[PDB]
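Note: hydrogens, waters and symmetry copies are ignored here, and every other heavy atom, side chains too, is used. Each chain gets a letter, A, B and so on, in the order the sequences are listed, and its residues count up from 1. In each ligand, atom 1 is the first atom listed, and ligand 1 is the first ligand listed.
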Amino acid sequence: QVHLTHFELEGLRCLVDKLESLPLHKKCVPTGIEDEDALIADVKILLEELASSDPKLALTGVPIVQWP
Amino acid sequence: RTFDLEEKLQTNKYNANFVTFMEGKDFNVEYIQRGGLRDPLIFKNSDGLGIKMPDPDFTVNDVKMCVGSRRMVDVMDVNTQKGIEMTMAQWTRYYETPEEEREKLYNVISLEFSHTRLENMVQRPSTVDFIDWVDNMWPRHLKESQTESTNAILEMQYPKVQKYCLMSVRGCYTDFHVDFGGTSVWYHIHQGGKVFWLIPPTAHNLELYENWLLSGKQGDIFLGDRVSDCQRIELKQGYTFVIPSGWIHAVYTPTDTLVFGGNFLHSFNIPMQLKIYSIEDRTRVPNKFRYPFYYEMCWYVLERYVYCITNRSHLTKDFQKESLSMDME
Amino acid sequence: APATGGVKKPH
Ligand SMILES: O=C(O)CCC(=O)C(=O)O
Ligand code: NI
């Protein structure tokens, strides 16, 4: 129930599909990431939930990802 | 070079209008959300961009003292477009050498000066800071840990591609290319000027570009003449130029010039960023000319999105604690 | 001869 842009929704989908489809020797899962499979699963759930984002309400003027 | 570069600078056939002319105050996050940063942008003045640059009469020698006289710098041989290396003192001597006494044409486009005294004298556009993956996705304690001011990969703790100094003598030319990893680029003409040829990242143009890379006939062919529409545009002193992901471009330097610019990935043009990475893969671009830790970064991007939206972390406990320590500062 | 990354150059 935050509203993302379609740019982000399509991009994150592209990212998920890309990363999931790489072989283990090309995946480059970084040291900081715990369980990449659980991460991928959570992204897919999120993209389903965010699919109905309203395009106008998405134009908040500040990014969703910001440091505290 | 098997083509005549001077006729490419004079002809009126590169008459496409791809570049949007914009005011700095309108280049904000809402603009990115609305447009996805798909259009090349020129800001004829810096008002509202939030940039900062060095002393207007800053010299290559001043750059040398900031980054270190003995720092090895990657230099381009303009005639072959191959890379050579020399120290910053030697580069400075070259730049200070009278034109007539320089037996070769050399260009520096790749001096990344983060973690030197020069870094605080250059501030990127504010909007770039809001959207750049390095600043907003890469673990902060890793980025803050960087001590090495060179781009030595074994010492590199994050993708060190944010702040570059370009030093180009009259007559320099950089042939058509797409910036690494499909990064977008900002470019500020501190002193001098530049001429760009721009080719849009259509499926067909990207196919041609890739075939051109694989053909071994690149010095032999001017890519601007192989495509349907190409824009040649001049950037004057004080202009800021933003180039979107995937844009195929070449650059000529009509006078001695000093430029500050940098690369960034962002969340609003991911498909094109990945497209470009795959072209690099297929054309066997060596690792050194690519965006460092590209897929690592992509992983961190997914984690950040899940965390900011759902409050569920996919970082290790130790990385979460490092992040909380940063938050308490 | 340390390996480098993020060198900007046409390929
Ligand atoms: O200014 C130049 O010669 C080249 C700029 C550029 O497009 C690059 O270095 O990636
Ligand atoms: Ni470039």
Determine whether the side chain, the backbone, both or neither of [X] has a heavy atom under 4.0 Å from any heavy atom of ligand 1.
{"X": "B/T253", "answer": "neither"}
{"X": "B/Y187", "answer": "side chain"}
{"X": "B/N107", "answer": "side chain"}

Could you tell me whether the side chains of [X] and [Y] share a donor-acceptor contact shorter than 3.5 Å?
{"X": "B/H249", "Y": "B/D179", "result": "yes"}
{"X": "B/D129", "Y": "B/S126", "result": "no"}
{"X": "A/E8", "Y": "B/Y305", "result": "yes"}

For this session: Taking the six-membered ring for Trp and the single ring otherwise, decide whether the centroids of B/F176 and B/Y209 are under 6.0 Å apart.
Result: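 No - the distance between ring centres of B/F176 and B/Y209 does not fall below the 6.0 Å cut-off.
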For [atom], what is the closest protein heavy atom, and at what distance to 0.1 Å?
{"atom": "atom 8 (C) of ligand 1", "result": "B/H177 NE2, 3.5 Å"}
{"atom": "atom 3 (O) of ligand 1", "result": "B/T174 OG1, 2.6 Å"}
{"atom": "atom 9 (O) of ligand 1", "result": "B/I109 CD1, 3.0 Å"}

Exercise. Would you call the rings of B/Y164 and B/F180 parallel, tilted or perpendicular if under 30° counts as parallel and over 60° as perpendicular?
Worked result: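 Because their plane-to-plane angle lies in the 30° to 60° range, the rings of B/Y164 and B/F180 count as tilted.
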Problem set entry | Ring geometry between B/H190 and B/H188 (parallel below 30°, tilted from 30 to 60°, perpendicular above 60°) | tilted
For this session: Give the atom name of whichever N/O/S atom in B/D179 sits closest to the Ni ion (ligand 2).
Result: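 Output for this pair reads OD1.
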For this session: Check ligand 1 against B/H249 and write out every atom of the ligand that is under 4.0 Å from a heavy-atom position of the residue.
Result: 7 (O)
Exercise. Should you measure from each heavy atom of B/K194, which atoms of ligand 1 turn up under 4.0 Å away?
Worked result: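 With B/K194 as reference, the close atoms of ligand 1 come out as 1 (O), 2 (C), 3 (O).
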Exercise. Taking all atoms of both residues into account, what is the closest heavy-atom pair of B/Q191 and B/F58, and its distance?
Worked result: NE2-O, 2.9 Å
Problem set entry | Sub-4.0 Å heavy-atom approach of C/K9 to ligand 1 |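 No, that is not the case, since the closest heavy atom of the residue is not under 4.0 Å from the ligand.
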